[PDB]
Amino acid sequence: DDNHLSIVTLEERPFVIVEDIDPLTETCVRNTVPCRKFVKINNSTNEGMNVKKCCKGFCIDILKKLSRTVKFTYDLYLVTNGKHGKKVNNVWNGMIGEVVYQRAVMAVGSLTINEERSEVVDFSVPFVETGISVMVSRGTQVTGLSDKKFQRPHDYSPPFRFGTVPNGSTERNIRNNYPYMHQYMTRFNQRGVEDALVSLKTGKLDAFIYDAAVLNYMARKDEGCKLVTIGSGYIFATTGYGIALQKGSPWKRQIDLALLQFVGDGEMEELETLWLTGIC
């Protein structure tokens, strides 16, 4: 009861991967765990149904280890009110919002630790290193986020075409730090990572700016090893993914010690080899 926790996640391969359940036997198998998704009946009603799906991936394996070590059970669900988390008219949506508004005891996923989120939720120790990286076709001459081609894009003719996936930690950082860059970039907003890689590969974008851990993975998997992150995977604004918990959560202490134990015992390295390797 008090040991059985509502937990929220969000698909973002390879950290969280969602699969359809076998119509028979309506059971999740192999390395997967049950995860439900609220799906609307139509757009003229608030009626919806939870759909039973199956979840796996690097962060799901972390959750499994935490459940075993810290001794809790859980009911995992996928967020439908936004994505990772954005404050809109002073109200948090996404995984952060689910925790703030007490619909979830914790959020487990590719959830970036930053200052403004830490004002409304508690974060565990970082368990995956991340930050902001820049993906380009191999050889592209950009030094980093502070390259003038990004900071003063109209000082070049034609200007560099670059964008991010809006409404997450990367856009929030660029909006605050580089106002001119930010208002230029929004015309190149990408709906998601997969769209952005297509845009790069077909020459509609010159650079994609995004979460470092996801971008470095996508570079390792790129067909032909043509797309790279700059600086051999350099990271601006270094941070990590953290488990988000409600402020003052009684679970934070044991989650922190468990994650630190996993790192110190080498258990994290095997998860990295299992989920995050690629040819390039």
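For every residue, the number given is its place in the sequence shown, counted from 1.
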Comparing 103 to 111 with 145 to 153, the one whose average Cα B-factor in the PDB entry is higher: 145 to 153
Stretch with the higher entry mean CA B-factor, where the candidates are 94 to 102 and 170 to 178: 94 to 102
Top residue by Cα temperature factor, when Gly57, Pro34, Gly248, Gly240 are compared in the entry: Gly248
Third of the chain, ranked by Cα B-factor, where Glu272 sits: highest
Record-listed C-alpha B factor of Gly203: chain third: highest
Ranked against its chain, the third holding the CA B-factor of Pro159: middle
Relative C-alpha B-factor of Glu11, binned into the chain's lowest, middle or highest third: lowest
Relative C-alpha B-factor of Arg253, binned into the chain's lowest, middle or highest third: highest
